[PDB]
>>> print(open('target19.csv').read())   # CSV, N, CA and C atoms and all ligand atoms
chain,number,residue,atom,x,y,z
A,1,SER,N,25.6,-6.6,-8.1
A,1,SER,CA,25.9,-5.8,-9.3
A,1,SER,C,25.5,-6.3,-10.7
A,2,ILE,N,25.4,-7.6,-11.0
A,2,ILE,CA,25.0,-8.1,-12.3
A,2,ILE,C,23.6,-8.8,-12.1
A,3,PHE,N,22.7,-8.6,-13.0
A,3,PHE,CA,21.4,-9.3,-13.1
A,3,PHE,C,21.5,-10.4,-14.1
A,4,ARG,N,21.1,-11.6,-13.7
A,4,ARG,CA,21.0,-12.8,-14.6
A,4,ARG,C,19.6,-13.4,-14.6
A,5,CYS,N,19.2,-14.1,-15.7
A,5,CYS,CA,18.0,-14.8,-15.7
A,5,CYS,C,17.9,-15.8,-14.6
A,6,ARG,N,16.8,-15.7,-13.8
A,6,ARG,CA,16.7,-16.6,-12.7
A,6,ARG,C,16.5,-18.1,-13.0
A,7,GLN,N,16.0,-18.3,-14.2
A,7,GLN,CA,15.7,-19.7,-14.7
A,7,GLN,C,16.9,-20.4,-15.3
A,8,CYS,N,17.9,-19.7,-15.8
A,8,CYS,CA,19.0,-20.4,-16.4
A,8,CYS,C,20.4,-19.8,-16.2
A,9,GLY,N,20.4,-18.5,-15.7
A,9,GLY,CA,21.7,-17.9,-15.5
A,9,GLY,C,22.2,-17.0,-16.6
A,10,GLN,N,21.5,-16.9,-17.7
A,10,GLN,CA,21.9,-16.0,-18.8
A,10,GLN,C,22.2,-14.6,-18.2
A,11,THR,N,23.3,-14.0,-18.7
A,11,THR,CA,23.7,-12.6,-18.3
A,11,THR,C,22.7,-11.6,-19.0
A,12,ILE,N,22.1,-10.7,-18.2
A,12,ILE,CA,21.0,-9.8,-18.7
A,12,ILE,C,21.4,-8.3,-18.5
A,13,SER,N,21.7,-7.9,-17.3
A,13,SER,CA,21.9,-6.5,-17.2
A,13,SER,C,22.8,-6.2,-15.9
A,14,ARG,N,22.9,-5.0,-15.5
A,14,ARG,CA,23.8,-4.5,-14.4
A,14,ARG,C,23.1,-3.5,-13.6
A,15,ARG,N,23.4,-3.4,-12.3
A,15,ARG,CA,22.8,-2.3,-11.5
A,15,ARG,C,23.2,-0.9,-12.0
A,16,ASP,N,24.4,-0.8,-12.5
A,16,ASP,CA,24.9,0.5,-13.1
A,16,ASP,C,24.0,0.9,-14.3
A,17,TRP,N,23.2,0.0,-14.9
A,17,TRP,CA,22.4,0.4,-16.1
A,17,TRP,C,21.0,0.6,-15.7
A,18,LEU,N,20.7,0.7,-14.4
A,18,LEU,CA,19.3,1.1,-13.9
A,18,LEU,C,18.9,2.5,-14.4
A,19,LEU,N,17.6,2.7,-14.7
A,19,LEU,CA,17.1,4.0,-15.2
A,19,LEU,C,16.0,4.5,-14.4
A,20,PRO,N,16.2,5.5,-13.6
A,20,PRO,CA,15.1,6.1,-13.0
A,20,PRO,C,14.1,6.8,-14.0
A,21,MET,N,13.0,6.1,-14.4
A,21,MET,CA,11.9,6.7,-15.2
A,21,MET,C,10.9,7.3,-14.3
A,22,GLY,N,10.7,8.6,-14.6
A,22,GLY,CA,9.7,9.4,-13.8
A,22,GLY,C,10.0,9.4,-12.3
A,23,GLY,N,11.3,9.4,-12.0
A,23,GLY,CA,11.8,9.6,-10.6
A,23,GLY,C,12.2,8.2,-9.9
A,24,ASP,N,11.9,7.1,-10.5
A,24,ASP,CA,12.1,5.8,-9.8
A,24,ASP,C,12.5,4.7,-10.7
A,25,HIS,N,13.4,3.8,-10.4
A,25,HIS,CA,13.6,2.8,-11.4
A,25,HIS,C,12.6,1.7,-11.3
A,26,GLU,N,11.8,1.7,-10.2
A,26,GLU,CA,10.8,0.6,-10.0
A,26,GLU,C,9.4,1.1,-10.2
A,27,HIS,N,8.6,0.3,-10.9
A,27,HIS,CA,7.2,0.7,-11.2
A,27,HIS,C,6.4,-0.5,-10.9
A,28,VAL,N,5.4,-0.4,-10.1
A,28,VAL,CA,4.6,-1.6,-9.8
A,28,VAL,C,3.3,-1.5,-10.5
A,29,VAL,N,3.1,-2.4,-11.5
A,29,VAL,CA,2.0,-2.3,-12.6
A,29,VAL,C,1.2,-3.6,-12.7
A,30,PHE,N,0.0,-3.5,-13.3
A,30,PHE,CA,-0.8,-4.6,-13.6
A,30,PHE,C,-1.1,-4.7,-15.1
A,31,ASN,N,-1.1,-5.8,-15.6
A,31,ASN,CA,-1.6,-6.0,-17.0
A,31,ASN,C,-3.1,-6.3,-17.0
A,32,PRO,N,-3.7,-6.4,-18.3
A,32,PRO,CA,-5.1,-6.6,-18.4
A,32,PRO,C,-5.5,-8.0,-17.9
A,33,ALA,N,-4.6,-8.9,-17.7
A,33,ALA,CA,-5.0,-10.3,-17.2
A,33,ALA,C,-4.9,-10.2,-15.6
A,34,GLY,N,-4.7,-9.1,-15.0
A,34,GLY,CA,-4.7,-9.0,-13.6
A,34,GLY,C,-3.4,-9.3,-12.9
A,35,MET,N,-2.4,-9.6,-13.7
A,35,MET,CA,-1.1,-9.9,-13.1
A,35,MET,C,-0.3,-8.7,-12.7
A,36,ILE,N,0.3,-8.7,-11.5
A,36,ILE,CA,1.1,-7.6,-11.0
A,36,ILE,C,2.5,-7.9,-11.3
A,37,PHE,N,3.3,-6.9,-11.6
A,37,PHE,CA,4.7,-7.0,-11.9
A,37,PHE,C,5.5,-5.8,-11.2
A,38,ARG,N,6.6,-6.2,-10.5
A,38,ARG,CA,7.5,-5.1,-10.1
A,38,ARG,C,8.5,-5.0,-11.2
A,39,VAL,N,8.4,-3.9,-12.0
A,39,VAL,CA,9.1,-3.7,-13.2
A,39,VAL,C,10.3,-2.8,-12.8
A,40,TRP,N,11.5,-3.2,-13.1
A,40,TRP,CA,12.7,-2.4,-13.0
A,40,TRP,C,13.1,-1.9,-14.4
A,41,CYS,N,13.4,-0.6,-14.5
A,41,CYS,CA,13.8,0.1,-15.7
A,41,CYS,C,15.3,0.1,-15.8
A,42,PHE,N,15.8,-0.4,-17.0
A,42,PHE,CA,17.2,-0.4,-17.3
A,42,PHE,C,17.4,0.4,-18.7
A,43,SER,N,18.4,1.1,-18.8
A,43,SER,CA,18.7,1.8,-20.0
A,43,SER,C,19.2,0.8,-21.1
A,44,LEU,N,19.8,-0.3,-20.6
A,44,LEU,CA,20.5,-1.3,-21.4
A,44,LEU,C,20.3,-2.7,-20.8
A,45,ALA,N,20.2,-3.7,-21.7
A,45,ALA,CA,20.2,-5.2,-21.3
A,45,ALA,C,20.7,-5.9,-22.5
A,46,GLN,N,21.1,-7.1,-22.2
A,46,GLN,CA,21.7,-8.0,-23.2
A,46,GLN,C,21.2,-9.4,-23.0
A,47,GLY,N,21.4,-10.4,-23.9
A,47,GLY,CA,21.0,-11.8,-23.7
A,47,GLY,C,19.5,-12.1,-23.8
A,48,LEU,N,18.8,-11.1,-24.4
A,48,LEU,CA,17.3,-11.3,-24.5
A,48,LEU,C,17.1,-11.7,-25.9
A,49,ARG,N,15.8,-12.0,-26.2
A,49,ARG,CA,15.4,-12.2,-27.6
A,49,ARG,C,14.1,-11.4,-27.6
A,50,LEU,N,14.0,-10.4,-28.5
A,50,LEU,CA,12.8,-9.6,-28.6
A,50,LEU,C,11.8,-10.2,-29.6
A,51,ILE,N,10.5,-10.3,-29.2
A,51,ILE,CA,9.6,-11.0,-30.1
A,51,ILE,C,8.4,-10.2,-30.5
A,52,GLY,N,8.0,-10.4,-31.7
A,52,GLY,CA,6.8,-9.8,-32.2
A,52,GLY,C,7.0,-8.4,-32.7
A,53,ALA,N,5.9,-7.7,-32.8
A,53,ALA,CA,5.7,-6.4,-33.4
A,53,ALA,C,5.6,-5.4,-32.2
A,54,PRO,N,6.3,-4.2,-32.3
A,54,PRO,CA,6.0,-3.3,-31.2
A,54,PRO,C,4.6,-2.8,-31.2
A,55,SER,N,4.0,-2.6,-30.0
A,55,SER,CA,2.7,-2.2,-29.8
A,55,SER,C,2.6,-1.1,-28.7
A,56,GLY,N,1.8,-0.1,-29.0
A,56,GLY,CA,1.4,0.9,-28.0
A,56,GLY,C,0.3,0.5,-27.0
A,57,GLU,N,-0.4,-0.6,-27.3
A,57,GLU,CA,-1.7,-0.9,-26.5
A,57,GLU,C,-1.3,-1.3,-25.1
A,58,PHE,N,-2.1,-0.7,-24.1
A,58,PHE,CA,-1.9,-0.9,-22.7
A,58,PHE,C,-0.5,-0.5,-22.2
A,59,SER,N,0.3,0.2,-22.9
A,59,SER,CA,1.6,0.6,-22.5
A,59,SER,C,1.6,1.3,-21.1
A,60,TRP,N,2.4,0.8,-20.2
A,60,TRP,CA,2.5,1.5,-18.9
A,60,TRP,C,3.3,2.8,-18.9
A,61,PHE,N,4.0,3.0,-20.1
A,61,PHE,CA,4.9,4.2,-20.2
A,61,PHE,C,4.5,5.0,-21.4
A,62,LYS,N,4.0,6.2,-21.1
A,62,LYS,CA,3.4,7.1,-22.1
A,62,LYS,C,4.3,7.4,-23.2
A,63,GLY,N,3.9,7.2,-24.4
A,63,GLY,CA,4.7,7.6,-25.6
A,63,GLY,C,5.6,6.4,-26.1
A,64,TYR,N,5.6,5.3,-25.4
A,64,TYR,CA,6.4,4.1,-25.8
A,64,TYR,C,5.6,2.9,-26.3
A,65,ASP,N,6.1,2.2,-27.2
A,65,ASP,CA,5.6,1.0,-27.7
A,65,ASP,C,6.5,-0.2,-27.2
A,66,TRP,N,5.8,-1.3,-26.9
A,66,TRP,CA,6.6,-2.4,-26.3
A,66,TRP,C,6.6,-3.7,-27.2
A,67,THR,N,7.7,-4.5,-27.0
A,67,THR,CA,7.9,-5.8,-27.5
A,67,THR,C,8.2,-6.7,-26.4
A,68,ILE,N,7.7,-7.9,-26.4
A,68,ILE,CA,8.0,-8.9,-25.4
A,68,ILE,C,9.5,-9.2,-25.4
A,69,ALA,N,10.1,-9.3,-24.2
A,69,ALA,CA,11.5,-9.7,-24.1
A,69,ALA,C,11.6,-11.0,-23.3
A,70,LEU,N,12.1,-12.0,-24.1
A,70,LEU,CA,12.4,-13.4,-23.5
A,70,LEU,C,13.9,-13.4,-23.2
A,71,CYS,N,14.2,-14.3,-22.3
A,71,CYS,CA,15.6,-14.7,-22.1
A,71,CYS,C,16.0,-15.4,-23.4
A,72,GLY,N,17.1,-14.9,-24.0
A,72,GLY,CA,17.6,-15.5,-25.3
A,72,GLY,C,18.1,-16.9,-25.2
A,73,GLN,N,18.4,-17.4,-24.0
A,73,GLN,CA,18.9,-18.7,-23.7
A,73,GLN,C,17.8,-19.7,-23.5
A,74,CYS,N,16.9,-19.4,-22.5
A,74,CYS,CA,15.9,-20.4,-22.0
A,74,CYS,C,14.5,-20.1,-22.5
A,75,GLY,N,14.2,-18.9,-23.0
A,75,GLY,CA,12.9,-18.4,-23.4
A,75,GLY,C,12.0,-18.0,-22.3
A,76,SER,N,12.5,-17.9,-21.1
A,76,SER,CA,11.7,-17.2,-20.0
A,76,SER,C,11.2,-15.8,-20.3
A,77,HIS,N,10.0,-15.5,-20.0
A,77,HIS,CA,9.6,-14.1,-20.2
A,77,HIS,C,10.2,-13.2,-19.1
A,78,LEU,N,11.1,-12.3,-19.4
A,78,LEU,CA,11.8,-11.5,-18.5
A,78,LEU,C,11.3,-10.0,-18.4
A,79,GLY,N,10.5,-9.6,-19.5
A,79,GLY,CA,10.0,-8.3,-19.4
A,79,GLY,C,9.7,-7.8,-20.8
A,80,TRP,N,10.0,-6.5,-21.1
A,80,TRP,CA,9.6,-5.8,-22.3
A,80,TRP,C,10.7,-4.8,-22.7
A,81,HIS,N,10.8,-4.7,-24.0
A,81,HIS,CA,11.6,-3.6,-24.6
A,81,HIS,C,10.7,-2.5,-25.0
A,82,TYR,N,11.0,-1.2,-24.7
A,82,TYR,CA,10.2,-0.1,-25.0
A,82,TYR,C,11.0,0.8,-26.0
A,83,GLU,N,10.2,1.2,-27.0
A,83,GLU,CA,10.8,2.1,-28.0
A,83,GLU,C,9.8,3.1,-28.5
A,84,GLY,N,10.3,4.0,-29.4
A,84,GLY,CA,9.4,5.0,-30.0
A,84,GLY,C,9.1,6.3,-29.2
A,85,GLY,N,9.7,6.4,-28.1
A,85,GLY,CA,9.5,7.6,-27.2
A,85,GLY,C,10.7,8.5,-27.3
A,86,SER,N,10.8,9.3,-26.2
A,86,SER,CA,11.8,10.4,-26.1
A,86,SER,C,12.5,10.5,-24.8
A,87,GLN,N,13.8,10.7,-24.8
A,87,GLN,CA,14.6,10.9,-23.6
A,87,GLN,C,14.3,9.9,-22.4
A,88,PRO,N,14.6,8.6,-22.7
A,88,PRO,CA,15.3,8.2,-23.8
A,88,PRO,C,14.4,7.6,-24.9
A,89,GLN,N,14.9,7.4,-26.1
A,89,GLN,CA,14.1,6.7,-27.1
A,89,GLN,C,13.7,5.4,-26.8
A,90,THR,N,14.5,4.6,-26.1
A,90,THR,CA,14.3,3.2,-25.8
A,90,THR,C,14.8,2.9,-24.4
A,91,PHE,N,14.2,1.8,-23.8
A,91,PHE,CA,14.7,1.2,-22.6
A,91,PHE,C,14.1,-0.1,-22.4
A,92,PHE,N,14.5,-0.8,-21.3
A,92,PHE,CA,14.0,-2.1,-21.0
A,92,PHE,C,13.2,-2.1,-19.6
A,93,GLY,N,12.1,-2.7,-19.6
A,93,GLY,CA,11.3,-2.9,-18.3
A,93,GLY,C,11.4,-4.4,-18.0
A,94,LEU,N,12.2,-4.7,-17.0
A,94,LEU,CA,12.4,-6.1,-16.7
A,94,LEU,C,11.7,-6.5,-15.4
A,95,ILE,N,11.2,-7.7,-15.2
A,95,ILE,CA,10.4,-8.1,-14.1
A,95,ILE,C,11.4,-8.6,-13.0
A,96,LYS,N,11.4,-7.9,-11.9
A,96,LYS,CA,12.4,-8.1,-10.9
A,96,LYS,C,12.5,-9.5,-10.3
A,97,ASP,N,11.4,-10.1,-10.1
A,97,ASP,CA,11.4,-11.5,-9.5
A,97,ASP,C,11.8,-12.5,-10.5
A,98,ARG,N,12.0,-12.2,-11.8
A,98,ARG,CA,12.5,-13.1,-12.8
A,98,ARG,C,14.0,-13.1,-13.1
A,99,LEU,N,14.6,-12.2,-12.3
A,99,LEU,CA,16.1,-12.0,-12.3
A,99,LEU,C,16.7,-12.5,-11.0
A,100,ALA,N,18.0,-12.8,-11.1
A,100,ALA,CA,18.8,-13.1,-9.9
A,100,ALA,C,19.9,-12.1,-9.9
A,101,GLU,N,20.2,-11.4,-8.8
A,101,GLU,CA,21.2,-10.4,-8.6
A,101,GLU,C,22.4,-11.0,-8.0
A,102,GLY,N,23.6,-10.6,-8.4
A,102,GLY,CA,24.8,-11.2,-7.8
A,102,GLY,C,26.1,-10.5,-8.3
A,103,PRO,N,27.2,-11.0,-7.8
A,103,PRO,CA,28.6,-10.4,-8.1
A,103,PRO,C,29.0,-10.5,-9.6
A,104,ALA,N,29.7,-9.5,-10.1
A,104,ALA,CA,30.4,-9.6,-11.4
A,104,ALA,C,31.6,-10.6,-11.2
B,1,LIG,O1,3.5,-1.8,-21.0
B,1,LIG,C1,3.0,-2.9,-21.1
B,1,LIG,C2,3.7,-4.2,-21.5
B,1,LIG,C3,2.7,-5.2,-22.1
B,1,LIG,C4,1.8,-5.7,-20.9
B,1,LIG,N1,0.8,-6.6,-21.4
B,1,LIG,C5,0.5,-7.8,-20.7
B,1,LIG,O2,1.5,-8.2,-19.9
B,1,LIG,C6,-0.6,-8.5,-21.4
B,1,LIG,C7,-1.2,-9.7,-21.1
B,1,LIG,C8,-2.4,-10.0,-21.8
B,1,LIG,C9,-2.9,-9.1,-22.7
B,1,LIG,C10,-2.3,-7.9,-22.9
B,1,LIG,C11,-1.1,-7.6,-22.2
B,1,LIG,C12,-0.3,-6.4,-22.2
B,1,LIG,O3,-0.5,-5.3,-23.0
B,1,LIG,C13,1.1,-4.4,-20.4
B,1,LIG,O4,-0.1,-4.4,-20.0
B,1,LIG,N2,1.7,-3.1,-20.6
B,2,ZN,ZN,16.9,-17.9,-19.0
>>> encode(input="target19.csv", output="structure tokens", more="lines below")
Ligand SMILES: O=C1CC[C@H](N2C(=O)c3ccccc3C2=O)C(=O)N1
Ligand SMILES: [Zn+2]
Amino acid sequence: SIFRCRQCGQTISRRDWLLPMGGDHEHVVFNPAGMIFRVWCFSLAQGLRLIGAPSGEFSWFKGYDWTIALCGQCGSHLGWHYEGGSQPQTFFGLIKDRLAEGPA
């Protein structure tokens, strides 16, 4: 039920906050460096630190701009925050294998 940073245990999100974007909460995507990510969409997350300037470039989600999301405690790269779009305006795309799932 709770998702934590795999690298240090920081509390990050909850299964109840999962967001089916375009029919599914899971999107399997590649970046321009050839890396594949199983991205889980959450409406909400906490314990992150958002870095940099939002960008539209290479966005996997049409109409959204992204910012890198680090674990706020250890600095692990956990995913991205998306903003600037519609229904919803914002959400989080977190990398599933960088989280640990467990009891509340
Ligand atoms: O929606 C997104 C999030 C950012 C992500 N991203 C990467 O992970 C990356 C690595 C190197 C150069 C450029 C990028 C890029 O835009 C990506 O490709 N799309
Ligand atoms: Zn961490």
>>> closest_atom_pairs(input="target19.csv", of="chain A", to="ligand ZN 2 (chain B)", cutoff="5 Å", atoms="all atoms listed in the file", output="tab-separated table")
residue	atom	partner	partner_atom	distance
A:5	CA	B:ZN2	ZN	4.7
A:7	C	B:ZN2	ZN	4.5
A:8	N	B:ZN2	ZN	3.8
A:9	N	B:ZN2	ZN	4.8
A:10	N	B:ZN2	ZN	4.9
A:71	CA	B:ZN2	ZN	4.6
A:73	C	B:ZN2	ZN	4.9
A:74	N	B:ZN2	ZN	3.8
A:75	N	B:ZN2	ZN	4.9
A:76	N	B:ZN2	ZN	4.9
>>> residues_near_ligand(input="target19.csv", ligand="ligand LIG 1 (chain B)", cutoff="7 Å", atoms="only C-alpha atoms and all ligand atoms", output="number ranges by chain")
A: 30-33, 57-61, 66, 80
>>> closest_residue(input="target19.csv", among="A:50, A:18, A:28, A:39", to="residue 97 in chain A", atoms="all atoms listed in the file")
A:39
>>> closest_residue(input="target19.csv", among="A:55, A:43, A:1, A:11", to="residue 93 in chain A", atoms="all atoms listed in the file")
A:43
>>> closest_residue(input="target19.csv", among="A:4, A:96, A:25, A:77", to="residue 42 in chain A", atoms="only C-alpha atoms")
A:25
>>> atom_distance(input="target19.csv", atom1="atom C of residue 22 in chain A", atom2="atom N of residue 52 in chain A")
27.8 Å
>>> select_by_dssp(input="target19.csv", residues="chain A", states="strand (DSSP E)", output="PyMOL selection string")
chain A and resi 2-5+11-14+26-30+36-42+48-55+65-71+77-83+91-95+99-102
>>> select_by_dssp(input="target19.csv", residues="chain A", states="helix (DSSP H, G or I)", output="compact mmCIF listing (two decimals) with N, CA and C atoms, in the frame of the given file")
# COMPACT_ATOMS: atom_id res chain seq x y z
N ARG A 15 23.40 -3.40 -12.30
CA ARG A 15 22.80 -2.30 -11.50
C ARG A 15 23.20 -0.90 -12.00
N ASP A 16 24.40 -0.80 -12.50
CA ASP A 16 24.90 0.50 -13.10
C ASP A 16 24.00 0.90 -14.30
N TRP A 17 23.20 0.00 -14.90
CA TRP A 17 22.40 0.40 -16.10
C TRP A 17 21.00 0.60 -15.70
N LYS A 96 11.40 -7.90 -11.90
CA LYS A 96 12.40 -8.10 -10.90
C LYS A 96 12.50 -9.50 -10.30
N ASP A 97 11.40 -10.10 -10.10
CA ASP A 97 11.40 -11.50 -9.50
C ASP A 97 11.80 -12.50 -10.50
N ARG A 98 12.00 -12.20 -11.80
CA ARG A 98 12.50 -13.10 -12.80
C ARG A 98 14.00 -13.10 -13.10
>>> atom_distance(input="target19.csv", atom1="atom C of residue 63 in chain A", atom2="CA of residue 95 in chain A")
19.4 Å
>>> closest_residue(input="target19.csv", among="A:72, A:20, A:79, A:54", to="residue 37 in chain A", atoms="only C-alpha atoms")
A:79
>>> atom_distance(input="target19.csv", atom1="atom C of residue 29 in chain A", atom2="atom C of residue 78 in chain A")
13.2 Å
>>> closest_residue(input="target19.csv", among="A:34, A:89, A:45, A:104", to="residue 65 in chain A", atoms="only C-alpha atoms")
A:89
>>> closest_residue(input="target19.csv", among="A:62, A:14, A:49, A:81", to="residue 94 in chain A", atoms="all atoms listed in the file")
A:81
